Amino acid sequence: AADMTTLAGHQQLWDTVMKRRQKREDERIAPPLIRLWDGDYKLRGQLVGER
Amino acid sequence: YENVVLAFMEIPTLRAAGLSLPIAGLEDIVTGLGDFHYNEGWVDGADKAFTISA
């Protein structure tokens, strides 16, 4: 955990929050996971090459 | 009692389980929709056709 007594731990907290912004910025760009299933709901596959 | 007796009918079908269908490649085999399908649909009654033949 970051030290709140010193500027170096305030920098560790800032760096930790900027890290979590980047993970959300990547999940903003990630496509949904698409899956196709048959009439009894058996999985056929994951779809990735769609237009 | 008015419209209580013989006032409705349900007619079933082999669609879920298996049929041969007049589509190229489905004429000789048996295929069904699957265990997951839409259940009921209402037959429109405004001309009373069900009272001549349901």
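Since every read-out is calculated from the coordinates, none of them should be taken as a lab result.
Jot down the per residue volume, in cubic angstrom and as a whole number, of the convex hull over the alpha-carbon atoms of segment B:1-40.
101
With θ taken as phi - 60° and the coefficients 6.51, -1.76 and 1.60, list the Karplus ³J(HN,Hα) couplings across segment B:38-44 in order, rounded to whole Hz; mark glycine and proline as x.
So the J values, rounded to whole Hz, are 5, 8, 10, x, 7, 7, 4.
Near the amide H of B:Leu19, under 5 Å away, which other amide H atoms are found, from residues 5 or more places off or on another chain, if H is placed in the peptide plane?
B:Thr31, B:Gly32
Which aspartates and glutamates, if any, have their Cα less than 18 Å from the Cα of B:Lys48, not counting same-chain residues under 8 positions apart?
Straight-line reach from B:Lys48, under 18 Å: B:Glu2, B:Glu10.
How many angstrom lie between the C-alpha centres of segment B:26-54 and segment A:7-51?
The distance from the Cα centre of segment B:26-54 to that of segment A:7-51 comes to 43 Å.
With θ set to phi - 60°, apply the Karplus curve 6.51 cos²θ - 1.76 cosθ + 1.60 along segment A:39-46 and write out the HN-Hα couplings as whole Hz, x wherever there is a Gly or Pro.
Result, ordered by residue: x, 9, 6, 5, 4, 8, x, 8 Hz.
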